[PDB]
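Visitor: Got an experimental structure here, sequence first:
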Amino acid sequence: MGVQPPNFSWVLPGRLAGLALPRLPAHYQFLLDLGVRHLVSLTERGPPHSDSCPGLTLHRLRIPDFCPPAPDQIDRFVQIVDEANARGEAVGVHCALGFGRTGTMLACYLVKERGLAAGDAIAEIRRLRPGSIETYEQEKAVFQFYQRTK
């Protein structure tokens with residue numbers, strides 16, 4: 001039995017989801033039940049109770065709140081999703097609220113998945129998850145990822 005964590009939704013159904021901070025054993029069980037085997041954690045302090053769920057692998061990429069992921073972090077995130085999805089495993093990504101840091105990562109993955117530029121990728125994540133991508137530097141990070149990988 002799982003309990004859906006806060007602000008959870010699929011971006012790529014069965015492949016890639018965003019969420020706010022998970023914090024109960026049943027949140028992690030929910031992720032496992034939905035086929036998630038990897039949780040990319042962007043917070044400065046690990047989410048509560050993750051150690052109750054050994055079957056879920058956490059990948060901690062620390063990003064200060066209201067700041068963008070760095071290029072190495074974007075590349076690592078993209079690798080984690082590509083490799084997990086190729087193994088038939090889904091990935092979740094979270095921050096404290098699930099909007100800024102999380103939305104920026106999700107938009108970068110769409111740049112790659114759909115061959116989009118940042119305007120389209122950011123628009124799409126905002127359509128799916130209104131409130132996503134909170135700062136100017138977060139927007140610029142998606143743009144620069146596009147430029148590096150075009």
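Guide: Nice, thanks for sending it over. Numbering: from 1, shown residues only.
Visitor: What count of nearby residues applies to the nearest residue to residue 64 once chain neighbours are set aside?
Guide: Ranked by Cβ to Cβ, 6 or more residues apart in numbering and with sequence neighbours excluded, the top spatial neighbour of residue 64 is residue 44, at 6.8 Å. Heads up, the C-betas are built off the backbone N, CA and C, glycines and all. Residue 44 sits with 12 neighbouring residues when counted by other Cβ atoms under 10 Å.
Visitor: For residue 44, give its distance to residue 69.
Guide: According to Cβ to Cβ, to the nearest Å, residue 44 and residue 69 sit 13 Å apart.
Visitor: same thing with residue 113?
Guide: Plainly put, residue 113 is 17 Å away from residue 69 if you go by Cβ to Cβ.
Visitor: Look at those two and report which has more neighbours.
Guide: The residue with more neighbours, out of residue 113 and residue 69 and counting by other Cβ under 10 Å, is residue 69; that gives 23 against 17.
Visitor: isn't that one right up against residue 101?
Guide: Yes. Applying Cβ atoms under 8 Å, one finds residue 69 in contact with residue 101, separated by 6.8 Å.
Visitor: Need the overlap of contacts for those two.
Guide: Each of 42, 63 lies in contact with both residue 69 and residue 101 under the rule Cβ atoms under 8 Å, 6 or more residues apart in numbering.
Visitor: So which residue is dead centre in this structure?
Guide: Computing the C-alpha centroid of the chain and ranking residues by Cα atoms, centre = their mean puts residue 93 first, at 2.7 Å.
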